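Here's the structure we're looking at; comments come further down.
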Amino acid sequence: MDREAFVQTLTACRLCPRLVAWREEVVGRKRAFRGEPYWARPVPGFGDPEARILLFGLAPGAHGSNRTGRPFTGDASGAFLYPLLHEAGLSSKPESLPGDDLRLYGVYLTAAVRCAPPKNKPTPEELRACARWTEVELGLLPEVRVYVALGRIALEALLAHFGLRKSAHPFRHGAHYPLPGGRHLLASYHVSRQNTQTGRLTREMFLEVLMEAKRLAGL
DNA sequence: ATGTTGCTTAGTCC
DNA sequence: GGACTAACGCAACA
Ligand code: SF4
Ligand SMILES: O=P([O-])(O)O
Ligand SMILES: O=P([O-])(O)O
């Protein structure tokens, strides 16, 4: 199917009852956004369809993409990520606002799970379910040369996608593994506020991941 | 009030 | 693998 079909069918997905419930349950639970409209639906990926770089996240944040409808948009992860994408020369502007004209250059964003999960922790079954969308979505990104896993969950999800063994591909920030066809699998700590605000992942460190991804992608 | 909640990683055990 | 939890730093939240 093409992207239009992907987005249409994805947005109507209700395979995970716990997530179908949670994505709506959180609406109105955060003071700053009470009364505001929430996407509260599966989150389609965003970015350059001809991207050479794929940034693969964990899942929608309750008041992030689950609210705005766009990956990493509206939360602390995006406040950290988007400016760095621009600093690396991979986007039209530093900020991401729903409905704006933000363009990503050579990069596409999505995640392992597409509906907000309780405690930001999807179950193995939920991951297995949404992996079907990963197959469809990644199939629509023919030019990707570098797959960047943001966090352990994201990495394990990509390993499953590529049929790679976890034992041979451990999660460590900066890890780099070869993929068939001269492609690359990179691992980075996730951009979550609890990684960036604690100093586990600094702006310097993540920008480096982006610059390396560009180098490996021929950009 | 100022204590609690919420935002992934690296150890433990099965 | 999968379930459980101590530990970061910060600030919205109550
Ligand atoms: S997480 Fe994925 S598979 Fe599960 S309901 Fe949402 S879109 Fe469907
Ligand atoms: O909701 P966001 O997860 O994609 O940060
Ligand atoms: O945000 P304030 O809750 O402490 O009033």
Side-chain angles (χ1 to χ4, degrees), chain A residues 16 18-19 21-36 38-40 43 54-85 95-98 109-131 134 147-177 185-210:
Chain A
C16 309
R18 188 181 69 133
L19 311 189
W22 189 252
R23 70 195 195 196
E24 165 63 16
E25 158 72 31
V26 302
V27 182
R29 296 191 61 182
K30 176 166 169 53
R31 186 180 67 181
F33 310 123
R34 176 159 278 177
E36 297 186 6
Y38 271 63
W39 176 238
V43 179
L54 172 76
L55 299 193
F56 203 62
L58 196 169
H63 310 293
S65 61
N66 180 56
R67 178 176 60 88
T68 65
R70 182 190 291 176
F72 297 108
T73 299
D75 60 21
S77 287
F80 175 91
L81 174 62
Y82 281 107
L84 298 179
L85 285 182
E95 307 303 308
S96 175
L97 303 177
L109 316 169
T110 189
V113 166
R114 298 163 177 74
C115 290
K119 302 296 186 54
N120 304 301
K121 180 60 173 180
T123 63
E125 180 176 359
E126 290 164 352
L127 283 157
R128 286 196 295 280
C130 214
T134 289
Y147 297 76
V148 185
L150 300 178
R152 171 92 90 63
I153 294 177
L155 178 62
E156 303 194 332
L158 288 177
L159 294 180
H161 170 67
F162 291 116
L164 298 180
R165 304 300 168 62
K166 300 180 181 180
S167 60
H169 312 76
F171 171 82
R172 79 177 186 70
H173 179 75
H176 51 77
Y177 304 116
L185 175 60
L186 298 180
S188 168
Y189 287 135
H190 187 271
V191 294
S192 170
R193 177 181 179 172
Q194 61 185 300
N195 278 169
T196 65
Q197 200 158 56
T198 55
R200 190 188 303 291
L201 176 66
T202 64
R203 287 193 295 170
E204 180 184 2
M205 287 166 76
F206 196 67
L207 183 53
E208 180 46 43
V209 169
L210 295 178

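Side chains included, hydrogens not; waters and symmetry mates left out as well; all remaining heavy atoms used. Proteins come first, then strands; the chains are lettered A, B, ... in the order of their sequence lines, and each starts at number 1.
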query = Out of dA3(C), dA10(B), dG9(C), which nucleotide sits closest to the side chain of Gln197(A)?
reply = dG9(C)
ask   = Which nucleotide in the set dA10(B), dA3(C), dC10(C) lies at the smallest distance from any side-chain heavy atom of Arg193(A)?
value = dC10(C)
inquiry  = Quiz question: by atom type and distance under 3.5 Å, do the side chains of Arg70(A) and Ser96(A) form a donor-acceptor pair?
reply    = yes
ask   = Taking the side chain of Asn195(A) as its heavy atoms from C-beta onward, which of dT9(B), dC13(C), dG9(C) lies nearest to it?
value = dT9(B)
query = Atom CZ of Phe206(A) to atom P of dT9(B): distance rounded to whole Å?
reply = 12 Å
key: Polar contact flag, side-chain donor to acceptor under 3.5 angstrom, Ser65(A)-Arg114(A)   = no
ask   = Atom CG in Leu150(A), atom CG in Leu58(A): separation rounded to 0.5 Å?
value = 9.0 Å
message = Return whichever of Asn120(A) or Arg172(A) has its heavy-atom-nearest nucleotide of DNA chain B closer to the 5' end.
response = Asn120(A)
ask   = When you check the phosphate oxygens OP1 and OP2 of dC13(C), does a side-chain N or O of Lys30(A) lie under 4.0 Å from one of them?
value = yes
query = Rounded to the Å, how far apart are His173(A) NE2 and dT9(B) P?
reply = 11 Å
Earlier contact from the 5' end, DNA chain C, for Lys166(A) and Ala32(A) = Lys166(A)
key: Non-hydrogen atoms of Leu84(A) and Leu207(A) that approach each other most closely   = O-CD1, 3.9 Å
ask   = At under 4.0 Å between heavy atoms, what does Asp75(A) touch on the DNA or RNA strands: base, sugar-phosphate, or nothing?
value = nothing
task = Starting from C1' on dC13(C), measure out to CZ on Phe33(A) and report it in whole angstrom.
result = 13 Å
query = So where's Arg200(A) sitting, major or minor groove, if we go by side-chain heavy atoms under 5.0 Å from groove-edge base atoms?
reply = minor
ask   = Nearest of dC7(B), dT9(B), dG2(C) to any side-chain atom of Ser192(A)?
value = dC7(B)
request  = Write down the distance separating the P atoms in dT4(B) and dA6(C), rounded off to the nearest Å.
outcome  = 15 Å
query = Which part of the nucleic acid, if any, lies within contact of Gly151(A), taking any heavy atom under 4.0 Å across all strands shown: a base, the sugar-phosphate backbone alone, or nothing?
reply = sugar-phosphate
request  = Tell me which nucleotide among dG2(C), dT8(B), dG9(C) gets nearest to the side chain of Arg128(A).
outcome  = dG2(C)
Interatomic distance where NZ belongs to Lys121(A) and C1' belongs to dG1(C) [whole Å] = 11 Å
key: Base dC13(C) paired with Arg31(A) side chain (donor-acceptor, <3.5 Å)   = no
inquiry  = What is the distance, to the nearest angstrom, from the OH atom on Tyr189(A) to the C1' atom on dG9(C)?
reply    = 16 Å
query = Should the pair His190(A) and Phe72(A) be assigned to parallel (<30°), tilted (30 to 60°) or perpendicular (>60°) ring geometry?
reply = tilted
inquiry  = How many whole angstroms separate atom CZ of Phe56(A) from atom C1' of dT8(B)?
reply    = 17 Å
Whole-Å gap separating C1' (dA10(B)) and CG (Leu155(A)) = 15 Å
message = Nearest whole Å is fine: how far is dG2(C) P from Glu126(A) CD?
response = 13 Å
key: N/O donor-acceptor pair under 3.5 Å between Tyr177(A) side chain and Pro170(A) backbone   = yes
